[PDB]
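Geometric and topological summary
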Amino acid sequence: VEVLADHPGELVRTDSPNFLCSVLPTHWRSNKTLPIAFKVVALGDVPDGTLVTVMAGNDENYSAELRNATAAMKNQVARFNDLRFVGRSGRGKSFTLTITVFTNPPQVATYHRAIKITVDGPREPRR
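Residues numbered from 1 in each chain as written, not as in the entry; some residues may be left out. Heavy atoms only, no water.

In the nomenclature of the PDB entry, the protein is known as POLYOMAVIRUS ENHANCER BINDING PROTEIN 2 of Homo sapiens.

Here you go:
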């Protein structure tokens, strides 16, 4: 529907009223080492070249380990390429995500909720 294309949009509510994530990773779809990449939108003062870092480990566990999680904000937006997504998937565990940027007006952005990622149908299910 071309009418519901540009008119609507998708963002994640974060603790900071200036930092918003364009994609809604409330879910995930990785058959294997196939992660998803999102961009961060910031309405704060930060058009210079800074750094955005993100993690996704459970509070009772280490912080998840992502690759290329330190992208340089170009303007008010950043993006992750080789983003590797390998955080623990314990469903009974609380999943915690935290994003911090140290430019001129340090914006804090975190997201904490359960994770909806499960094995899709690789070749291991054969046993």
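1. Side note on unusual backbone geometry
For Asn-68, which is not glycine, the phi torsion reads 55° and is therefore positive. Relative to the helices and strands, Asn-68 resides in the loop between β3 (52–55) and β4 (77–79). Residue classification places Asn-68 among the partly exposed residues on the basis of a relative accessible area of 36%. (Helix = DSSP H or I, 4+ residues; strand = E, 2+ residues; numbered from the N terminus. Buried < 20%, exposed > 50% of the residue type's maximum accessible area, 1.4 Å probe, protein only.)

2. Regarding the pattern of salt bridges
Per the stated rule, a full pass over the model turns up one salt bridge. A salt bridge links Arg-29 to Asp-120, with the nearest nitrogen and oxygen atoms 3.0 Å apart. Linking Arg-29 in the loop between β1 (19–21) and β2 (39–42) with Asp-120 in the segment after β6 (107–113), this pair joins segments that are 91 residues apart in sequence. By relative accessible area, which is 58% here, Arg-29 ends up exposed. (Salt bridge = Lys/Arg side-chain N within 4 Å of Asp/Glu carboxyl O.)

3. A word on the side chain of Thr-50
Inspection of the secondary structure assignment puts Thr-50 in the loop between β2 and β3. One polar contact links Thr-50 to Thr-103, side chain to side chain, over a distance of 3.0 Å. Aside from chain neighbours lying at most four places away, what touches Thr-50 is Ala-71, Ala-72, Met-73, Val-101, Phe-102 and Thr-103. (Polar contact = N/O pair within 3.5 Å; in protein donor to acceptor, adjacent residues only side chain to side chain. Contact = heavy atoms within 4.5 Å.)

4. A short note on the sheet that holds β2
Strand order in this open sheet of three strands is β1-β2-β4, and the pairing throughout is antiparallel. In this open sheet, the two edge strands, each paired with only one partner strand, are β1 and β4. Along the sheet, successive strands turn relative to each other by an average axial angle of 20°, direction set aside. Of the strand pairs in this sheet, β1 and β2 are connected by three bridges, and their pairing is antiparallel. Each residue of the ladder has a partner; that of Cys-21, found in β2, is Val-40. (Pairing = 2+ DSSP bridges. Axes fitted to C-alpha atoms, helices over the stretch in contact; angles between N-to-C directions.)

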